[PDB]
Structures are given as structure tokens and as C-alpha cells.
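Peer 1: Enclosed is the structure file query_12.cif (mmCIF, C-alpha atoms).
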```cif
data_run
#
loop_
_atom_site.group_PDB
_atom_site.id
_atom_site.type_symbol
_atom_site.label_atom_id
_atom_site.label_comp_id
_atom_site.auth_asym_id
_atom_site.auth_seq_id
_atom_site.Cartn_x
_atom_site.Cartn_y
_atom_site.Cartn_z
ATOM 1 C CA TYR A 349 -162.067 49.099 -16.575
ATOM 2 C CA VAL A 350 -162.048 46.096 -18.919
ATOM 3 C CA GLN A 351 -164.693 47.660 -21.162
ATOM 4 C CA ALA A 352 -163.061 51.102 -21.070
ATOM 5 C CA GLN A 353 -159.660 49.584 -21.888
ATOM 6 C CA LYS A 354 -161.187 47.661 -24.797
ATOM 7 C CA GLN A 355 -162.848 50.850 -26.057
ATOM 8 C CA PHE A 356 -159.547 52.740 -25.787
ATOM 9 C CA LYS A 357 -157.775 49.986 -27.737
ATOM 10 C CA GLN A 358 -160.477 50.100 -30.420
ATOM 11 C CA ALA A 359 -160.111 53.889 -30.602
ATOM 12 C CA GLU A 360 -156.352 53.518 -31.043
ATOM 13 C CA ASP A 361 -156.815 50.891 -33.758
ATOM 14 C CA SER A 362 -159.329 53.064 -35.629
ATOM 15 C CA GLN A 363 -157.076 56.151 -35.639
ATOM 16 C CA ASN A 364 -153.510 55.829 -34.338
ATOM 17 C CA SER A 365 -153.118 59.626 -34.139
ATOM 18 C CA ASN A 366 -155.436 59.735 -31.105
ATOM 19 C CA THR A 367 -152.889 60.114 -28.304
ATOM 20 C CA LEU A 368 -155.693 60.720 -25.797
ATOM 21 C CA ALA A 369 -157.079 57.235 -26.465
ATOM 22 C CA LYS A 370 -153.688 55.651 -25.742
ATOM 23 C CA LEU A 371 -153.327 57.721 -22.567
ATOM 24 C CA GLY A 372 -156.760 56.554 -21.434
ATOM 25 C CA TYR A 373 -155.693 52.996 -22.249
ATOM 26 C CA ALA A 374 -152.664 53.402 -19.977
ATOM 27 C CA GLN A 375 -154.863 54.948 -17.278
ATOM 28 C CA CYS A 376 -157.204 51.951 -17.510
ATOM 29 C CA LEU A 377 -154.195 49.636 -17.212
ATOM 30 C CA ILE A 378 -153.311 51.529 -14.033
ATOM 31 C CA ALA A 379 -156.916 51.101 -12.881
ATOM 32 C CA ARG A 380 -156.666 47.317 -13.309
ATOM 33 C CA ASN A 381 -153.482 47.391 -11.158
ATOM 34 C CA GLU A 382 -151.445 46.440 -14.257
ATOM 35 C CA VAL A 383 -148.340 48.336 -13.175
ATOM 36 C CA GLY A 384 -145.942 46.326 -15.330
ATOM 37 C CA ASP A 385 -148.286 46.199 -18.320
ATOM 38 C CA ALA A 386 -148.876 49.955 -18.165
ATOM 39 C CA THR A 387 -145.125 50.521 -17.843
ATOM 40 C CA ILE A 388 -144.408 48.381 -20.919
ATOM 41 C CA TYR A 389 -147.126 50.120 -22.950
ATOM 42 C CA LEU A 390 -145.850 53.547 -21.884
ATOM 43 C CA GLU A 391 -142.254 52.646 -22.751
ATOM 44 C CA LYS A 392 -143.360 51.398 -26.174
ATOM 45 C CA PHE A 393 -145.312 54.595 -26.840
ATOM 46 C CA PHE A 394 -142.492 56.856 -25.625
ATOM 47 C CA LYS A 395 -139.806 55.042 -27.625
ATOM 48 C CA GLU A 396 -141.987 55.202 -30.737
ATOM 49 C CA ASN A 397 -142.923 58.852 -30.035
ATOM 50 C CA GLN A 398 -139.875 60.341 -28.306
ATOM 51 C CA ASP A 399 -140.647 63.689 -29.987
ATOM 52 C CA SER A 400 -144.275 63.801 -28.807
ATOM 53 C CA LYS A 401 -145.016 66.512 -26.231
ATOM 54 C CA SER A 402 -147.268 64.457 -23.959
ATOM 55 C CA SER A 403 -146.397 66.147 -20.669
ATOM 56 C CA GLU A 404 -148.807 64.027 -18.618
ATOM 57 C CA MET A 405 -147.369 60.848 -20.147
ATOM 58 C CA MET A 406 -143.886 61.901 -19.041
ATOM 59 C CA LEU A 407 -145.166 62.798 -15.566
ATOM 60 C CA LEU A 408 -146.760 59.351 -15.270
ATOM 61 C CA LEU A 409 -143.526 57.739 -16.481
ATOM 62 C CA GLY A 410 -141.575 59.631 -13.828
ATOM 63 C CA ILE A 411 -144.017 58.607 -11.101
ATOM 64 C CA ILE A 412 -143.905 54.956 -12.198
ATOM 65 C CA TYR A 413 -140.098 54.960 -12.283
ATOM 66 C CA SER A 414 -139.929 56.621 -8.859
ATOM 67 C CA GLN A 415 -142.185 53.865 -7.530
ATOM 68 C CA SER A 416 -139.818 51.379 -9.185
ATOM 69 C CA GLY A 417 -136.824 53.209 -7.689
ATOM 70 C CA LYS A 418 -134.086 51.650 -9.815
ATOM 71 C CA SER A 419 -135.094 53.798 -12.831
ATOM 72 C CA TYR A 420 -134.620 57.112 -11.022
ATOM 73 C CA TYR A 421 -132.659 58.587 -13.931
ATOM 74 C CA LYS A 422 -135.536 58.182 -16.398
ATOM 75 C CA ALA A 423 -137.820 59.589 -13.693
ATOM 76 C CA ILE A 424 -135.612 62.683 -13.410
ATOM 77 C CA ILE A 425 -135.500 63.106 -17.193
ATOM 78 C CA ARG B 7 -83.309 52.130 26.748
ATOM 79 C CA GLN B 8 -83.691 55.300 28.835
ATOM 80 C CA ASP B 9 -85.091 57.799 26.338
ATOM 81 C CA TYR B 10 -88.147 59.959 25.690
ATOM 82 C CA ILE B 11 -91.386 58.555 27.095
ATOM 83 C CA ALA B 12 -94.290 58.460 24.640
ATOM 84 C CA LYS B 13 -97.237 56.126 24.070
ATOM 85 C CA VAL B 14 -98.715 55.394 20.636
ATOM 86 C CA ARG B 15 -102.376 54.358 20.383
ATOM 87 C CA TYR B 16 -104.213 54.626 17.069
ATOM 88 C CA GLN B 17 -107.723 56.081 17.365
ATOM 89 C CA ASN B 18 -110.319 54.264 15.238
ATOM 90 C CA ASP B 19 -113.197 54.346 17.713
ATOM 91 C CA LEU B 20 -116.659 54.181 16.171
ATOM 92 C CA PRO B 21 -118.937 57.122 17.066
ATOM 93 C CA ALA B 22 -122.230 56.656 18.852
ATOM 94 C CA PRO B 23 -125.341 56.222 16.663
ATOM 95 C CA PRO B 24 -126.655 59.617 15.525
ATOM 96 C CA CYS B 25 -130.398 58.879 15.487
ATOM 97 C CA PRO B 26 -131.116 61.799 13.119
ATOM 98 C CA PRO B 27 -134.611 63.235 12.600
ATOM 99 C CA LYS B 28 -136.731 61.036 10.354
ATOM 100 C CA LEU B 29 -138.169 62.249 7.068
ATOM 101 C CA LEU B 30 -141.939 62.027 6.633
ATOM 102 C CA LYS B 31 -143.222 60.264 3.529
ATOM 103 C CA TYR B 32 -145.374 62.339 1.207
ATOM 104 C CA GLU B 33 -149.020 61.510 0.624
ATOM 105 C CA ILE B 34 -148.009 60.527 -2.927
ATOM 106 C CA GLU B 35 -145.507 58.061 -1.441
ATOM 107 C CA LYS B 36 -148.382 55.712 -0.514
ATOM 108 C CA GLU B 37 -149.844 53.278 -3.034
ATOM 109 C CA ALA B 38 -153.514 54.187 -2.549
ATOM 110 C CA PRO B 39 -153.074 57.979 -3.020
ATOM 111 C CA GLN B 40 -150.907 57.208 -6.056
ATOM 112 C CA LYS B 41 -153.719 55.098 -7.501
ATOM 113 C CA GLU B 42 -156.280 57.817 -6.776
ATOM 114 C CA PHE B 43 -154.132 60.551 -8.343
ATOM 115 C CA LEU B 44 -153.173 58.611 -11.479
ATOM 116 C CA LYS B 45 -156.733 57.378 -12.110
ATOM 117 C CA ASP B 46 -158.019 60.971 -12.192
ATOM 118 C CA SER B 47 -160.385 61.882 -15.024
#
```
In C-alpha cells, what does this structure look like?

Peer 2:
Amino acid sequence: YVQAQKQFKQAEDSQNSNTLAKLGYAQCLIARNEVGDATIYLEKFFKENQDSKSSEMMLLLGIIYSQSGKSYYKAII
Amino acid sequence: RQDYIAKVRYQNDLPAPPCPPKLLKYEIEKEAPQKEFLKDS
């Protein structure tokens, strides 16, 4: 998980257009139980890329917000 | 005062507890299945 997350970060730094690398980075954050860190990274990516059609990213955001509970409105959206 | 007999008693009695049927949490409502589903390759 540490090595995979580092590799995903290096992939993102090499070419920022690789959305799949960032999604794998978030998945690795989830793997390391970094719920808050993954949430912050996902919010940063979504706010920078509000027009991106990453359906799985939005599904993961909704699941995370439902687990949080207070952010139900973003989860619905 | 010999007039009409009537008693006034406001009714604000609390009802008995309902004990409604309980919802069952989904499998994705538990932390471990959530972790397994999100960490899918």
C-alpha cells in the first residue's frame, strides 16, 4: 500500500492527465485506512476537476459522505 | 350557581411507545464490507 501509493503519486507527477493514477492513489489511501486523507484528496481533485466525468470517483465520494453522514447532500449529488 | 353541568379536562396524554419494526442495515453499512468493496481492483 505504501509502495503502490508512492508509485501512483509518481505517475501523477509524471503526467497529471492520468486520472486513473490519481484514482489508484485514492484507493491506496483507503487501503491504508486514511479516510480523512482520501476524503481531502478526493475533494481537491473534484474541486479542481468539477467537469471531469469520473463516475467511480463520484460514487466513492457519495459513499464516503454517507459514512460521514453530515455531508448527505454531497452524497446525494 | 344552578346551571348546565359540564366538566372540562384537556387531553394531552402521551401515547404508548410504538415499538415499530426495525430496519436491517445493508451489508455495505458495515465498515469491513465497505473496505472490501472500495479496495476492489

Peer 1: Taking all atoms listed in the file into account, which of B:15, B:46, B:24, B:10 comes nearest chain A?

Peer 2: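 Answer, going by the shortest atom-to-atom distance: B:46.
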
Peer 1: Ranking A:378, A:386, A:424, A:409 by minimum distance to chain B and counting only C-alpha atoms, which one comes first?

Peer 2: A:378

Peer 1: Within 8 Å of chain A, which residues of chain B show up? Give each one with its shortest atom-to-atom distance in Å (one decimal) and the two atoms involved, counting all atoms listed in the file, rows by chain then rising residue number, as a Markdown table.

Peer 2:
```
| residue | atom | partner | partner_atom | distance |
| --- | --- | --- | --- | --- |
| B:41 | CA | A:379 | CA | 7.4 |
| B:44 | CA | A:375 | CA | 7.1 |
| B:45 | CA | A:375 | CA | 6.0 |
```

Peer 1: Go ahead and compute the interatomic distance for atom CA of residue A:365 and atom CA of residue A:391, in Å to one decimal.

Peer 2: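 These atoms are spaced 17.2 Å apart.
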
Peer 1: Give me, as a list in words, all polymer residues having an atom no more than 10 Å from residue A:425, counting only C-alpha atoms and skipping those fewer than 2 positions away in the same chain.

Peer 2: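 With the cut-off at 10 Å, the set is residues 406, 407, 409, 410, 420, 421, 422 and 423 of chain A.
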
Peer 1: For residue B:37, which residue among A:358, A:393, A:416, A:364 is the nearest when counting only C-alpha atoms?

Peer 2: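 Answer, going by the shortest atom-to-atom distance: A:416.
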
Peer 1: I need the output of the PyMOL selection byres ((chain A and resi 353) around 8) for this file as a PyMOL selection string; which residues are they?

Peer 2: chain A and resi 349-352+354-357+372-373+376-377

Peer 1: One decimal, Å: what's the distance from atom CA of residue A:398 over to atom CA of residue A:382, could you say?

Peer 2: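 Atom-to-atom, atom CA of residue A:398 and atom CA of residue A:382 are spaced 22.9 Å apart.
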
Peer 1: Regenerate stretch 377-411 of chain A at the level of N, CA and C atoms and dump it as a PDB file, in the frame of the given file.

Peer 2:
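Once written, out-v1.pdb looks like this:
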```pdb
ATOM      1  N   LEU A 377    -155.149  50.639 -17.680  1.00  0.00           N
ATOM      2  CA  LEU A 377    -154.195  49.636 -17.212  1.00  0.00           C
ATOM      3  C   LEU A 377    -153.807  49.896 -15.764  1.00  0.00           C
ATOM      4  N   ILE A 378    -153.584  51.167 -15.421  1.00  0.00           N
ATOM      5  CA  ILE A 378    -153.311  51.529 -14.033  1.00  0.00           C
ATOM      6  C   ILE A 378    -154.500  51.180 -13.150  1.00  0.00           C
ATOM      7  N   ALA A 379    -155.716  51.395 -13.659  1.00  0.00           N
ATOM      8  CA  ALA A 379    -156.916  51.101 -12.881  1.00  0.00           C
ATOM      9  C   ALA A 379    -157.019  49.616 -12.564  1.00  0.00           C
ATOM     10  N   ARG A 380    -156.655  48.758 -13.517  1.00  0.00           N
ATOM     11  CA  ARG A 380    -156.666  47.317 -13.309  1.00  0.00           C
ATOM     12  C   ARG A 380    -155.424  46.817 -12.583  1.00  0.00           C
ATOM     13  N   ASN A 381    -154.683  47.714 -11.931  1.00  0.00           N
ATOM     14  CA  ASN A 381    -153.482  47.391 -11.158  1.00  0.00           C
ATOM     15  C   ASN A 381    -152.390  46.765 -12.020  1.00  0.00           C
ATOM     16  N   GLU A 382    -152.441  46.985 -13.335  1.00  0.00           N
ATOM     17  CA  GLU A 382    -151.445  46.440 -14.257  1.00  0.00           C
ATOM     18  C   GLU A 382    -150.258  47.403 -14.337  1.00  0.00           C
ATOM     19  N   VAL A 383    -149.478  47.423 -13.256  1.00  0.00           N
ATOM     20  CA  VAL A 383    -148.340  48.336 -13.175  1.00  0.00           C
ATOM     21  C   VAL A 383    -147.308  47.997 -14.245  1.00  0.00           C
ATOM     22  N   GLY A 384    -146.923  46.722 -14.335  1.00  0.00           N
ATOM     23  CA  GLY A 384    -145.942  46.326 -15.330  1.00  0.00           C
ATOM     24  C   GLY A 384    -146.456  46.469 -16.749  1.00  0.00           C
ATOM     25  N   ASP A 385    -147.714  46.085 -16.982  1.00  0.00           N
ATOM     26  CA  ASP A 385    -148.286  46.199 -18.320  1.00  0.00           C
ATOM     27  C   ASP A 385    -148.381  47.656 -18.757  1.00  0.00           C
ATOM     28  N   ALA A 386    -148.827  48.532 -17.854  1.00  0.00           N
ATOM     29  CA  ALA A 386    -148.876  49.955 -18.165  1.00  0.00           C
ATOM     30  C   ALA A 386    -147.481  50.507 -18.419  1.00  0.00           C
ATOM     31  N   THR A 387    -146.494  50.063 -17.632  1.00  0.00           N
ATOM     32  CA  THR A 387    -145.125  50.521 -17.843  1.00  0.00           C
ATOM     33  C   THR A 387    -144.603  50.101 -19.212  1.00  0.00           C
ATOM     34  N   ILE A 388    -144.868  48.854 -19.614  1.00  0.00           N
ATOM     35  CA  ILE A 388    -144.408  48.381 -20.919  1.00  0.00           C
ATOM     36  C   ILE A 388    -145.091  49.154 -22.042  1.00  0.00           C
ATOM     37  N   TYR A 389    -146.407  49.356 -21.932  1.00  0.00           N
ATOM     38  CA  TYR A 389    -147.126  50.120 -22.950  1.00  0.00           C
ATOM     39  C   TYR A 389    -146.592  51.545 -23.046  1.00  0.00           C
ATOM     40  N   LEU A 390    -146.346  52.176 -21.899  1.00  0.00           N
ATOM     41  CA  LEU A 390    -145.850  53.547 -21.884  1.00  0.00           C
ATOM     42  C   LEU A 390    -144.449  53.633 -22.478  1.00  0.00           C
ATOM     43  N   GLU A 391    -143.588  52.660 -22.160  1.00  0.00           N
ATOM     44  CA  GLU A 391    -142.254  52.646 -22.751  1.00  0.00           C
ATOM     45  C   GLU A 391    -142.325  52.469 -24.261  1.00  0.00           C
ATOM     46  N   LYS A 392    -143.197  51.578 -24.735  1.00  0.00           N
ATOM     47  CA  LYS A 392    -143.360  51.398 -26.174  1.00  0.00           C
ATOM     48  C   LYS A 392    -143.804  52.696 -26.837  1.00  0.00           C
ATOM     49  N   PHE A 393    -144.807  53.359 -26.255  1.00  0.00           N
ATOM     50  CA  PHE A 393    -145.312  54.595 -26.840  1.00  0.00           C
ATOM     51  C   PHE A 393    -144.257  55.697 -26.821  1.00  0.00           C
ATOM     52  N   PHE A 394    -143.516  55.823 -25.717  1.00  0.00           N
ATOM     53  CA  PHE A 394    -142.492  56.856 -25.625  1.00  0.00           C
ATOM     54  C   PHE A 394    -141.357  56.601 -26.608  1.00  0.00           C
ATOM     55  N   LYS A 395    -140.900  55.350 -26.710  1.00  0.00           N
ATOM     56  CA  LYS A 395    -139.806  55.042 -27.625  1.00  0.00           C
ATOM     57  C   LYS A 395    -140.232  55.200 -29.077  1.00  0.00           C
ATOM     58  N   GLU A 396    -141.503  54.935 -29.387  1.00  0.00           N
ATOM     59  CA  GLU A 396    -141.987  55.202 -30.737  1.00  0.00           C
ATOM     60  C   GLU A 396    -142.241  56.686 -30.978  1.00  0.00           C
ATOM     61  N   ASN A 397    -142.527  57.449 -29.927  1.00  0.00           N
ATOM     62  CA  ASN A 397    -142.923  58.852 -30.035  1.00  0.00           C
ATOM     63  C   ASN A 397    -142.093  59.723 -29.100  1.00  0.00           C
ATOM     64  N   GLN A 398    -140.766  59.564 -29.163  1.00  0.00           N
ATOM     65  CA  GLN A 398    -139.875  60.341 -28.306  1.00  0.00           C
ATOM     66  C   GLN A 398    -140.014  61.845 -28.521  1.00  0.00           C
ATOM     67  N   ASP A 399    -140.474  62.274 -29.694  1.00  0.00           N
ATOM     68  CA  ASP A 399    -140.647  63.689 -29.987  1.00  0.00           C
ATOM     69  C   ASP A 399    -142.018  64.222 -29.591  1.00  0.00           C
ATOM     70  N   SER A 400    -142.936  63.356 -29.176  1.00  0.00           N
ATOM     71  CA  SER A 400    -144.275  63.801 -28.807  1.00  0.00           C
ATOM     72  C   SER A 400    -144.236  64.565 -27.488  1.00  0.00           C
ATOM     73  N   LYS A 401    -144.950  65.685 -27.437  1.00  0.00           N
ATOM     74  CA  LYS A 401    -145.016  66.512 -26.231  1.00  0.00           C
ATOM     75  C   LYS A 401    -146.248  66.156 -25.402  1.00  0.00           C
ATOM     76  N   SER A 402    -146.239  64.932 -24.883  1.00  0.00           N
ATOM     77  CA  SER A 402    -147.268  64.457 -23.959  1.00  0.00           C
ATOM     78  C   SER A 402    -146.715  64.638 -22.550  1.00  0.00           C
ATOM     79  N   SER A 403    -146.962  65.821 -21.976  1.00  0.00           N
ATOM     80  CA  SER A 403    -146.397  66.147 -20.669  1.00  0.00           C
ATOM     81  C   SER A 403    -146.925  65.213 -19.587  1.00  0.00           C
ATOM     82  N   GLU A 404    -148.221  64.904 -19.626  1.00  0.00           N
ATOM     83  CA  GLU A 404    -148.807  64.027 -18.618  1.00  0.00           C
ATOM     84  C   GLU A 404    -148.264  62.607 -18.737  1.00  0.00           C
ATOM     85  N   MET A 405    -147.995  62.153 -19.965  1.00  0.00           N
ATOM     86  CA  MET A 405    -147.369  60.848 -20.147  1.00  0.00           C
ATOM     87  C   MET A 405    -146.003  60.804 -19.476  1.00  0.00           C
ATOM     88  N   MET A 406    -145.208  61.861 -19.652  1.00  0.00           N
ATOM     89  CA  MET A 406    -143.886  61.901 -19.041  1.00  0.00           C
ATOM     90  C   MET A 406    -143.979  61.993 -17.522  1.00  0.00           C
ATOM     91  N   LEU A 407    -144.956  62.745 -17.009  1.00  0.00           N
ATOM     92  CA  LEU A 407    -145.166  62.798 -15.566  1.00  0.00           C
ATOM     93  C   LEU A 407    -145.511  61.421 -15.011  1.00  0.00           C
ATOM     94  N   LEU A 408    -146.393  60.694 -15.703  1.00  0.00           N
ATOM     95  CA  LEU A 408    -146.760  59.351 -15.270  1.00  0.00           C
ATOM     96  C   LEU A 408    -145.569  58.403 -15.343  1.00  0.00           C
ATOM     97  N   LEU A 409    -144.746  58.533 -16.389  1.00  0.00           N
ATOM     98  CA  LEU A 409    -143.526  57.739 -16.481  1.00  0.00           C
ATOM     99  C   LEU A 409    -142.592  58.018 -15.310  1.00  0.00           C
ATOM    100  N   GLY A 410    -142.417  59.293 -14.961  1.00  0.00           N
ATOM    101  CA  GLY A 410    -141.575  59.631 -13.828  1.00  0.00           C
ATOM    102  C   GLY A 410    -142.104  59.072 -12.522  1.00  0.00           C
ATOM    103  N   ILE A 411    -143.422  59.149 -12.322  1.00  0.00           N
ATOM    104  CA  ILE A 411    -144.017  58.607 -11.101  1.00  0.00           C
ATOM    105  C   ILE A 411    -143.833  57.093 -11.041  1.00  0.00           C
TER     106      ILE A 411
END
```
